[PDB]
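Here the structure comes first, spelled out in structure tokens, and everything after it is commentary.
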Amino acid sequence: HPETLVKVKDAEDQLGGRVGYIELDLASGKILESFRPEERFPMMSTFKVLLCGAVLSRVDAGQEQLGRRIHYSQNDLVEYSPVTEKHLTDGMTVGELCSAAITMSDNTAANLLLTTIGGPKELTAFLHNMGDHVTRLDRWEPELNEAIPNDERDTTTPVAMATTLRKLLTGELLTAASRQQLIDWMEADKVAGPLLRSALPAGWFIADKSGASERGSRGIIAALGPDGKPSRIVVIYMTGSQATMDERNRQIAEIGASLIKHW
Ligand SMILES: [Ca+2]
């Protein structure tokens, strides 16, 4: 029942640490509501959407193909690689790797993709090149995660991430086909059930990507809207608390319910 902003502040009171929140209109790009919009939070696995954005950009520039098959070895596997560990013989295409990174948060998939473009620093250059001088990626998986306190490495701000996500999903930075492919992968997210999706009514569209660090942090970026069409971008970051994963998940779910009931 509580207003979104009230619920967000409540969440922070309960969890400790900091909670960052922003809602932007997809069409206009106007900020509808926010909390700690310009403060830095760790991106965690939410960066994987940006990564595949840079990938699709290379596809649009004719420097990459989603169908290009990549072979790797057991030496390349890092923690949490549910998809890539199953394809040591047949490998995976660039498209499949992006699907795995986004829909399953596969870590090796992200690392392989990062190699195709020259590493974390090259992703940062891509961000700078599209007008995002705030967001920065510094490390690989899984080090880029968890999460030492307000160390600026591998961080963004609610408003920076939201603005950058809007530029990727709308506008002419990517071709229409690539824009659709990006949101398609996000729609198929398979590991964000307990979050915003748990509070979404029937017939609503949602495309999202979550992130998490063993202890302290949690995040979700999403494009959602009623009647099977996305109309708003929501970004929620949490960090610096000693609360359990269950509590973190619950608070996000409650913030999502407030957003919907007050749409
Ligand atoms: Ca507070």
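Ordering of the structure tokens sets the chain letters (A, B, ...); residue numbers start at 1 within each chain; ligands are numbered from 1 in the order shown.
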
Environment of ligand 1 within 12 Å, counting only C-alpha atoms and all ligand atoms, reported as a PyMOL selection string = chain A and resi 5-20+35-36+238+241

key: Backbone-only DSSP, strand (DSSP E or B) members of segment 77-227 of chain A, as a list in words   =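 Reading the DSSP output for segment 77-227 of chain A, strand (DSSP E or B) covers residues 92, 93, 136, 155, 156, 205, 206, 207, 208, 209, 210, 211, 212, 218, 219, 220, 221, 222, 223, 224 and 225 of chain A.
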
With C-alpha atoms retained, write the just-selected residues as a compact mmCIF listing (two decimals), in the first residue's frame.
# COMPACT_ATOMS: atom_id res chain seq x y z
CA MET A 92 28.55 -21.87 -28.11
CA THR A 93 27.77 -19.09 -30.56
CA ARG A 136 32.72 1.70 -15.14
CA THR A 155 30.01 0.65 -10.12
CA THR A 156 27.31 2.84 -11.62
CA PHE A 205 5.54 -7.10 -20.09
CA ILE A 206 8.84 -7.38 -18.24
CA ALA A 207 12.44 -7.61 -19.37
CA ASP A 208 15.00 -7.63 -16.58
CA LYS A 209 18.42 -8.61 -15.26
CA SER A 210 19.37 -9.10 -11.63
CA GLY A 211 22.64 -9.09 -9.71
CA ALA A 212 23.83 -10.25 -6.30
CA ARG A 218 21.52 -7.01 -4.74
CA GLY A 219 20.28 -5.29 -7.87
CA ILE A 220 17.78 -5.39 -10.69
CA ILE A 221 17.35 -3.40 -13.88
CA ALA A 222 14.10 -3.76 -15.78
CA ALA A 223 11.88 -2.45 -18.53
CA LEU A 224 8.20 -3.15 -17.86
CA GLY A 225 4.65 -2.04 -18.62

message = Considering only C-alpha atoms, can you say which of A:197, A:232, A:215, A:190 comes closest to residue 256 of chain A?
response = A:197

Where does segment 171-249 of chain A meet segment 101-123 of chain A within 7 Å, residue by residue, with the nearest atom pair and distance in Å to one decimal for each, counting only C-alpha atoms, listed by chain and rising number, as a tab-separated table?
residue	atom	partner	partner_atom	distance
A:185	CA	A:103	CA	6.4
A:186	CA	A:102	CA	6.4
A:188	CA	A:103	CA	5.9
A:189	CA	A:103	CA	4.0
A:190	CA	A:103	CA	5.3
A:191	CA	A:104	CA	6.2
A:209	CA	A:102	CA	6.6

How would the residues just picked look written out with N, CA and C atoms as a PDB file, in the first residue's frame?
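Final output, part.pdb:
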ATOM      1  N   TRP A 185      16.379 -11.099 -24.979  1.00  0.00           N
ATOM      2  CA  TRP A 185      17.169 -11.852 -24.014  1.00  0.00           C
ATOM      3  C   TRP A 185      16.736 -11.507 -22.590  1.00  0.00           C
ATOM      4  N   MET A 186      16.512 -10.221 -22.333  1.00  0.00           N
ATOM      5  CA  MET A 186      16.114  -9.761 -21.001  1.00  0.00           C
ATOM      6  C   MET A 186      14.719 -10.256 -20.616  1.00  0.00           C
ATOM      7  N   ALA A 188      13.539 -13.061 -21.422  1.00  0.00           N
ATOM      8  CA  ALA A 188      13.664 -14.489 -21.150  1.00  0.00           C
ATOM      9  C   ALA A 188      14.435 -14.781 -19.861  1.00  0.00           C
ATOM     10  N   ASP A 189      14.751 -13.739 -19.094  1.00  0.00           N
ATOM     11  CA  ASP A 189      15.444 -13.905 -17.816  1.00  0.00           C
ATOM     12  C   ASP A 189      14.806 -15.048 -17.026  1.00  0.00           C
ATOM     13  N   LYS A 190      15.627 -15.969 -16.530  1.00  0.00           N
ATOM     14  CA  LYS A 190      15.124 -17.170 -15.867  1.00  0.00           C
ATOM     15  C   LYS A 190      15.415 -17.189 -14.367  1.00  0.00           C
ATOM     16  N   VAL A 191      16.269 -16.282 -13.904  1.00  0.00           N
ATOM     17  CA  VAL A 191      16.686 -16.320 -12.502  1.00  0.00           C
ATOM     18  C   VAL A 191      16.329 -15.070 -11.694  1.00  0.00           C
ATOM     19  N   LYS A 209      17.167  -7.942 -15.574  1.00  0.00           N
ATOM     20  CA  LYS A 209      18.423  -8.608 -15.257  1.00  0.00           C
ATOM     21  C   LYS A 209      18.782  -8.275 -13.819  1.00  0.00           C
TER      22      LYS A 209
END

key: Secondary structure check, alpha helix (DSSP H) residues of segment 50-165 of chain A, as a ChimeraX atom specification   = /A:50-60,94-103,107-117,120-129,158-165

task = List the neighbours of residue 167 of chain A out to 10 Å using only C-alpha atoms; skip same-chain residues closer than 3 positions along the sequence, and give me the result as a list in words.
result =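 Listed by chain and then number, they are residues 26, 29, 130, 131, 161, 162, 163, 164, 170, 171, 172, 173, 174 and 179 of chain A.
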
Can I get the selected residues back with N, CA, C and O atoms, as a short mmCIF file (atom, residue, chain, number, x, y, z; two decimals), in the first residue's frame?
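Once written, selection16.cif looks like this:
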data_model
loop_
_atom_site.label_atom_id
_atom_site.label_comp_id
_atom_site.auth_asym_id
_atom_site.auth_seq_id
_atom_site.Cartn_x
_atom_site.Cartn_y
_atom_site.Cartn_z
N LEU A 26 10.00 5.56 -20.42
CA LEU A 26 10.77 5.05 -21.54
C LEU A 26 10.71 6.00 -22.74
O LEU A 26 11.72 6.27 -23.38
N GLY A 29 11.92 9.83 -21.36
CA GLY A 29 13.20 9.76 -20.67
C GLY A 29 13.19 10.61 -19.42
O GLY A 29 14.23 10.85 -18.80
N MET A 130 29.29 6.33 -25.75
CA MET A 130 27.86 6.55 -25.92
C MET A 130 27.32 7.55 -24.90
O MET A 130 26.11 7.68 -24.72
N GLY A 131 28.22 8.27 -24.24
CA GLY A 131 27.83 9.36 -23.34
C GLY A 131 27.68 9.01 -21.87
O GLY A 131 27.19 9.82 -21.09
N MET A 161 22.85 4.25 -15.03
CA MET A 161 22.45 2.96 -15.56
C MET A 161 21.10 3.04 -16.28
O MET A 161 20.92 2.44 -17.34
N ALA A 162 20.17 3.79 -15.71
CA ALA A 162 18.84 3.92 -16.30
C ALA A 162 18.91 4.65 -17.65
O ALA A 162 18.29 4.22 -18.62
N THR A 163 19.68 5.73 -17.70
CA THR A 163 19.82 6.53 -18.91
C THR A 163 20.50 5.72 -20.01
O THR A 163 20.10 5.78 -21.17
N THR A 164 21.53 4.98 -19.63
CA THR A 164 22.27 4.15 -20.57
C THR A 164 21.40 3.02 -21.11
O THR A 164 21.46 2.68 -22.29
N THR A 170 16.03 2.08 -26.71
CA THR A 170 15.38 3.01 -27.63
C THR A 170 16.47 3.87 -28.25
O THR A 170 17.63 3.81 -27.84
N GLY A 171 16.10 4.68 -29.24
CA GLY A 171 17.09 5.50 -29.94
C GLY A 171 17.82 4.69 -30.99
O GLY A 171 17.57 3.50 -31.15
N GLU A 172 18.73 5.35 -31.71
CA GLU A 172 19.38 4.73 -32.86
C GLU A 172 20.84 4.34 -32.63
O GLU A 172 21.62 4.28 -33.58
N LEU A 173 21.21 4.08 -31.38
CA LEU A 173 22.56 3.60 -31.08
C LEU A 173 22.74 2.20 -31.65
O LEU A 173 23.77 1.89 -32.25
N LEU A 174 21.73 1.36 -31.45
CA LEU A 174 21.71 0.03 -32.05
C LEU A 174 20.64 0.02 -33.14
O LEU A 174 19.71 0.82 -33.11
N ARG A 179 18.29 -3.90 -31.06
CA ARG A 179 17.50 -3.44 -29.92
C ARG A 179 16.53 -4.52 -29.47
O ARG A 179 16.40 -4.80 -28.27
#
